[PDB]
Amino acid sequence: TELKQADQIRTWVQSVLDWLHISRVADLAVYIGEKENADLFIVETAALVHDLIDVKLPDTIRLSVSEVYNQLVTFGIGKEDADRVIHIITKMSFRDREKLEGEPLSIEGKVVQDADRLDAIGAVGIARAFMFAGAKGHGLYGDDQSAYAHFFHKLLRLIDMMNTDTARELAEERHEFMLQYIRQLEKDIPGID
Amino acid sequence: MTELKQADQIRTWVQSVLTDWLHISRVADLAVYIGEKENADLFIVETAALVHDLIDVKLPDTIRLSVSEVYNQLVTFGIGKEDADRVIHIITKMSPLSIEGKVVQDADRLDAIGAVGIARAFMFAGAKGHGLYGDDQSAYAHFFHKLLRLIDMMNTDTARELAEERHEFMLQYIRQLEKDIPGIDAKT
Ligand code: NI
Ligand code: NI
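As they're listed, the protein sequences go chains B and A. Read left to right, the first sequence gives residues 2 to 18, 26 to 201 (the entry's author numbering). Read left to right, the second sequence gives residues 1 to 19, 26 to 101, 112 to 204 (the entry's author numbering).
Structural data, given as structure tokens:
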């Protein structure tokens, strides 16, 4: 029954969307949730739908909290599960959540937040940061909105904001690679700093 | 030196026209470096390096210049007609090739590989609505179709030696992505 529901939710979210990012985060959250003894169905479902309500979305695609909730109930998902998924997605998406350092999140929420931050670092994070700059018309370097300045202002600090022990061990290799990339960039572009 | 003043004059004009500049500035410095090693005419190398994008179809119509427009400005700035002709001949061929043009092309290709080349490919993908991976238009495909071939297309020995270390770092980056995104190669 749970393999059917997860498939229904995966289809529904794919048709709406970006998908590649969310699919990747869903898979990484289930891996961490396994090592962290989290409820795995909760972890996967919330990872698949947490972006659906995000404010950084146009009004044409952005669903409300009630709309997502009712869709889960219509898919057949139980009351305890629905509520817990809603708790995760609301606690991740209020303004300046970062002030509370993922402390109000349950173990399931923590795991979903960690996968999200892991997707923003290493080789994949480097890629996403530069795509974003290209999409928003920002520069490579030499500027406070540039992708280069985003490394020092945000991306290199993320390793110290992980919630779970497994996420912290997974971050070490990714963070190390960013430094090697920055190093290579600094000799590819003499005077970048 | 008259060469120094003339080059400064060109730099200020190009930077003024493009309001990207940062890319063209790197490529000019790298071209001068390669040219010095290869015994090419450095003034021609630097000047061709600075103006060749101005006529490239990439640039928007609100900024892009014709060949004669580039020619007229060079002559107005005091560059001789013999030098102006050589530069024009280089930048039209690029858009076979002389020693000076081979050096400039090599510098262009080098800015497309290594760390800076990884950055530039992903920026372009975001700009045109392309994905990270998944189809023939994505940044990942662009590595395998184009950017990893560039080291076989270097004209000079100097550039080739410089390409070695950049190409290898790029291969380490692909390796890192394959590790962090299991199944990246077959993903739709
Ligand atoms: Ni996200
Ligand atoms: Ni160029």
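Backbone N, C-alpha and C fix where the C-beta goes; we use that ideal spot for every residue, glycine too.
Would you check if the distance between the CB atom of A:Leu-56 and the CB atom of A:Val-81 is smaller than 8 Å?
Note that the C-beta distance between A:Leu-56 and A:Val-81 is not below 8 Å.
Thinking C-beta only, is A:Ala-46 closer than 8 Å to A:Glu-116?
Going by C-beta atoms, A:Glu-116 is nearer than 8 Å to A:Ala-46.
Which residues in the same chain as B:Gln-121 place their Cβ atom closer than 7 Å to its Cβ, once the five residues preceding and following it in sequence are excluded?
Hits under 7 Å: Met-100, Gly-110, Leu-113 and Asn-171.
Any 3 or more C-beta pairs closer than 8 Å across the stretch 89 to 96 of chain B and the stretch 137 to 149 of chain A:
Between the stretch 89 to 96 of chain B and the stretch 137 to 149 of chain A there are fewer than three C-beta pairs closer than 8 Å, too few to call the two in contact.
Along the stretch 43 to 71 of chain A, what residues have a CB closer than 8 Å to any CB found in chain B?
Answer set for the stretch 43 to 71 of chain A: empty.
Is the beta carbon of B:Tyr-156 closer than 8 Å to that of A:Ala-131?
Not a contact, by the Cβ cut-off of 8 Å.
Would you say the beta carbon of B:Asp-26 comes nearer than 7 Å to a heavy atom of ligand 1?
Checking every heavy atom of ligand 1 against the Cβ of B:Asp-26, none is found closer than 7 Å.
If you draw a straight line from the alpha carbon of B:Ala-123 to that of B:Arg-32, how long is it in whole angstroms?
Whole-angstrom Cα-Cα distance: 9 Å.
Close Cβ partners of B:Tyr-77 (< 7 Å) along its chain, the five nearest in sequence each way excluded:
Short of 7 Å from the beta carbon of B:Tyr-77, and not among the five residues preceding or following it, lie these beta carbons of its own chain, in chain order: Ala-90 and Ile-94.
Would you please state the rounded distance, in angstroms, between the beta carbons of A:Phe-138 and B:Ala-135? I believe it to be under 8 Å.
By a beta-carbon distance limit of 8 Å, A:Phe-138 contacts B:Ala-135. Their separation comes to about 5 Å.
Top-ranked residue by Cα proximity to B:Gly-133, from B:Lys-118, B:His-183, B:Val-63 and B:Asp-62:
When only C-alpha atoms are compared, the closest one is B:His-183.
Let me make sure I understand the geometry here. Which of B:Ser-74, B:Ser-154, B:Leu-166 and B:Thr-68 has the alpha-carbon closest to that of B:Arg-125?
The candidate whose alpha carbon is nearest that of B:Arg-125 is B:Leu-166.
Tell me where the alpha helix (DSSP H) around A:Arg-165 begins and ends.
Per DSSP, A:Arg-165 lies in no alpha helix (DSSP H) and is assigned neither H nor E.
Just how far apart, CA to CA, sit A:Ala-7 and B:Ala-141?
Straight-line Cα distance between these residues: approximately 31 Å.
Do the CB positions of A:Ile-85 and A:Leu-71 come within less than 8 Å of each other?
With respect to the 8 Å criterion, A:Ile-85 and A:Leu-71 are not classified as neighbours on the basis of their beta carbons.
Check whether the Cβ atoms of A:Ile-129 and A:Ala-37 lie closer than 8 Å to each other.
No.
What number of angstroms, rounded off, separates the C-alpha of B:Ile-197 from the C-alpha of A:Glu-181?
So the alpha carbons of these two residues sit roughly 14 Å apart.
A:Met-186: buried (16+ other C-beta within 10 angstroms of its C-beta) or exposed?
Around the beta carbon of A:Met-186, 16 or more other beta carbons sit within 10 angstroms, so the residue counts as buried.
Just to make sure I have the definition right: I need the residues of chain A whose C-beta is within less than 7 Å of the C-beta of B:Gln-192. Which are they?
Neighbours of B:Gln-192 on chain A, chain order: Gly-130, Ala-131 and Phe-185.
I need the residues with a C-beta less than 6 Å from some heavy atom of ligand 1; please give them in chain order.
Environment of ligand 1, chain-ordered: B:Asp-59 and B:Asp-124, taking every residue with Cβ within less than 6 Å of a heavy atom.
Against chain A, with Cβ distances strictly below 8 Å, would B:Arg-125 count as a contact?
It does not; no Cβ of chain A falls within 8 Å.
Does ligand 2 have a heavy atom nearer than 7 Å to the CB of A:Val-57?
No, Cβ of A:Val-57 sits at least 7 Å from all heavy atoms of ligand 2.
Give the secondary structure of B:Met-170 by DSSP, where H, G and I count as helix, E and B as strand, and everything else as coil.
Three-state result, B:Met-170: coil.
Proximity test, A:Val-81 beta-carbon vs ligand 2 heavy atom, cut-off 7 Å
Checking the 7 Å criterion, the Cβ of A:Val-81 is out of range of every heavy atom belonging to ligand 2.
State the Cα-Cα distance for the pair A:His-158 and A:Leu-164, rounded to the nearest angstrom.
So the alpha carbons of these two residues sit roughly 9 Å apart.
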